[PDB]
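Input: a single structure, listed below in structure tokens.
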2 protein chains.
Amino acid sequence: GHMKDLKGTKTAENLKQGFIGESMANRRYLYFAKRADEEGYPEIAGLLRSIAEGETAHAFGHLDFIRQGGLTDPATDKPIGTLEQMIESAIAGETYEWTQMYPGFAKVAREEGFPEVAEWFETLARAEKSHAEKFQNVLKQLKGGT
Amino acid sequence: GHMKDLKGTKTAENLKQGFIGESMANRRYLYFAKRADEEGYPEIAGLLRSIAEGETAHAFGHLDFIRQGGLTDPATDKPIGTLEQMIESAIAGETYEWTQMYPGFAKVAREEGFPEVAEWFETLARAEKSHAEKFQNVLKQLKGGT
Ligand SMILES: [Cl-]
Ligand SMILES: [Cl-]
Ligand SMILES: [Mn+2]
Ligand SMILES: [Mn+2]
Ligand SMILES: [Mn+2]
Ligand SMILES: [Mn+2]
């Protein structure tokens, strides 16, 4: 029982990268499943969806080791030990997306001659602003307010 | 109607990074929802799950622009225009994970004194090998075989 700290280790970075790849895999497989669905391949669609559940299990297990080891959220570098911390992590990521990421992407898309992509990024910025506000309302309630 | 190619643009990289962040957000929010569930916060859990659906919509829309613009899969740098290409992308990512990513992570985890994390990475390598084989079997069927 020689217990070591994950902070600042390569393993900590590897758990974060594992989480990213697992997250992408579930999204990709469910996206692919819709193409199988369209074209009439229910067994392929079903396999994609079942393997996607595996990737959920993998992502969540990475997060368990991250949280239990006192590492931060891969997306935000904020702690995710408690429910309030998790909501704070949500708010930080949403805030980054609507105040920095998506408006910057929309500006670049317009500069590069991709106005339809820019309008999408603008739509998303508005959506993440909404998400942030709604998470802020839950945080206020968790902290004992209205 | 002055149509430009997304390949090699900043916008192409921004769609990929958008996809990564959206993927992580859906995973994180569903993970957070389970903590809300445990502790008896059904309205918070429900909000997390509903916002997670938004993040699905966002991720899938990024993939639509990627695919429609002839860009490759953020996770594998493989085309994802057709169902067979999507399955090939799945196989490539699974193959990377079991033949390189997870065994390398397990080796590093053991070196750094994290055997329980290593055993997890070893479990995952075995799982991704299984996923690869099962996707390879579907690809063989899509190509007209048994
Ligand atoms: Cl089928
Ligand atoms: Cl509640
Ligand atoms: Mn996996
Ligand atoms: Mn959001
Ligand atoms: Mn989003
Ligand atoms: Mn897999």
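Hydrogens, waters and symmetry mates are skipped; everything else that's a heavy atom, side chains included, is used. Here is the naming used below: chain letters follow the sequence lines, and residue numbers restart at 1 for every chain.
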>> Is B:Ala118 close to chain A through its backbone or its side chain, or both, or neither, when contacts mean heavy atoms under 4.5 Å?
In response: neither
> For A:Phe32, is it the side chain, the backbone, both or neither that has a heavy atom under 4.5 Å from a heavy atom of chain B?
Replying inline: both
> When you check the side-chain N and O atoms of A:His58 and B:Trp120, is any donor under 3.5 Å from an acceptor?
Replying inline: no
> Roughly how far, to the nearest 0.5 Å, is OG1 of A:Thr11 from CZ of B:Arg110?
Replying inline: 11.0 Å
> Do A:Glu122 side-chain atoms and A:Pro103 backbone N/O form a donor-acceptor pair below 3.5 Å?
Replying inline: no
> Any donor and acceptor pair, going by atom type alone, linking the side chain of A:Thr9 with main-chain N or O of A:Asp5 inside 3.5 Å?
Replying inline: no
>> Tell me if a side-chain donor or acceptor on B:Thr99 pairs with a main-chain N or O of B:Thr95 at a distance below 3.5 Å.
In response: yes
> Pick from A:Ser89, A:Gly104, A:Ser130: which one has the most heavy-atom pairs with chain B under 4.5 Å?
Replying inline: A:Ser89
> Under a 4.5 Å heavy-atom cut-off, does chain B meet the side chain of A:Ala109, its backbone, both or neither?
Replying inline: both
> Taking A:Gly54, A:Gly93, A:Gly61 one by one, which has the highest count of heavy-atom pairs under 4.5 Å against chain B?
Replying inline: A:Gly61
>> Please classify the contact of A:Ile80 with chain B as side chain, backbone, both or neither, using a heavy-atom distance under 4.5 Å.
In response: side chain
> If you tally heavy-atom pairs under 4.5 Å against chain A, which of B:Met3, B:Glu111, B:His62 wins?
Replying inline: B:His62
> Tell me, side chain or backbone of A:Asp73 under 4.5 Å from chain B's heavy atoms, or both, or neither?
Replying inline: side chain
>> Could you check, using the six-membered ring where one of them is a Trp, whether A:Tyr29 and B:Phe135 have ring centers closer than 6.0 angstrom?
In response: yes
> Is the backbone of A:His131 close enough, under 3.5 Å, to the side chain of A:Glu94 for a donor and an acceptor to pair up by distance?
Replying inline: no
>> Can you tell me which portion of A:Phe121 sits under 4.5 Å from chain B's heavy atoms? Options are side chain, backbone, both or neither.
In response: side chain
> Is it the backbone or the side chain of A:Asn137 that comes under 4.5 Å from a heavy atom of chain B, or both, or neither?
Replying inline: neither
> Contact part of B:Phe19 toward chain A, heavy-atom cut-off under 4.5 Å: side chain, backbone, both or neither?
Replying inline: side chain
>> So which residue, B:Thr123, B:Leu30, B:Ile87, B:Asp64, ends up with the most heavy-atom pairs under 4.5 Å with chain A?
In response: B:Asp64
>> For the interface with chain A, which of B:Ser23, B:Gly21, B:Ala36 has the highest count of heavy-atom pairs at distances below 4.5 Å?
In response: B:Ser23
>> Need one label for A:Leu47: side chain, backbone, both or neither, based on atoms under 4.5 Å from any heavy atom in chain B.
In response: side chain
> Can you tell if the side chain of A:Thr146 reaches within under 4.5 Å of the side chain of A:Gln141, non-hydrogen atoms only?
Replying inline: no
>> Please check: side-chain N/O of A:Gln85 versus main-chain N/O of A:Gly81, any donor-acceptor pairing under 3.5 Å?
In response: yes
> So which of B:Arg35, B:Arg67, B:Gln17 has the largest heavy-atom pair count under 4.5 angstrom toward chain A?
Replying inline: B:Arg35
> Salt-bridged, B:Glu84 to B:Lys143, with N to O below 4.0 Å?
Replying inline: yes
> By a 4.5 Å heavy-atom criterion (distance strictly below it), what part of A:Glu128 contacts chain B: side chain, backbone, both, or neither?
Replying inline: side chain
> Which bit of A:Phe65 comes within less than 4.5 Å of chain B, counting heavy atoms only: side chain, backbone, both or neither?
Replying inline: side chain
> When heavy-atom pairs shorter than 4.5 Å are enumerated against chain B, which of A:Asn26, A:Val138, A:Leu15 gives the highest number?
Replying inline: A:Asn26
> Which residue out of A:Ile51, A:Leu142, A:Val108 racks up the most heavy-atom pairs below 4.5 Å with chain B?
Replying inline: A:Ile51
> Any ion pair linking A:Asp37 and A:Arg49 (charged N to carboxylate O, less than 4.0 Å)?
Replying inline: yes
> What part of A:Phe114 is in contact with chain B, defined as an atom under 4.5 angstrom from a non-hydrogen atom: side chain, backbone, both or neither?
Replying inline: side chain
>> Need one label for A:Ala25: side chain, backbone, both or neither, based on atoms under 4.5 Å from any heavy atom in chain B.
In response: neither
> So do the side chains of B:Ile44 and B:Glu39 get within less than 4.5 Å of each other, counting heavy atoms only?
Replying inline: no
>> Which heavy atom of A:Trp98 sits nearest to which heavy atom of A:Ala125, and what is that distance?
In response: CB-O, 3.2 Å
> Non-hydrogen atoms of chain B under 4.5 Å away: do they reach the side chain of A:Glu97, the backbone, both or neither?
Replying inline: side chain
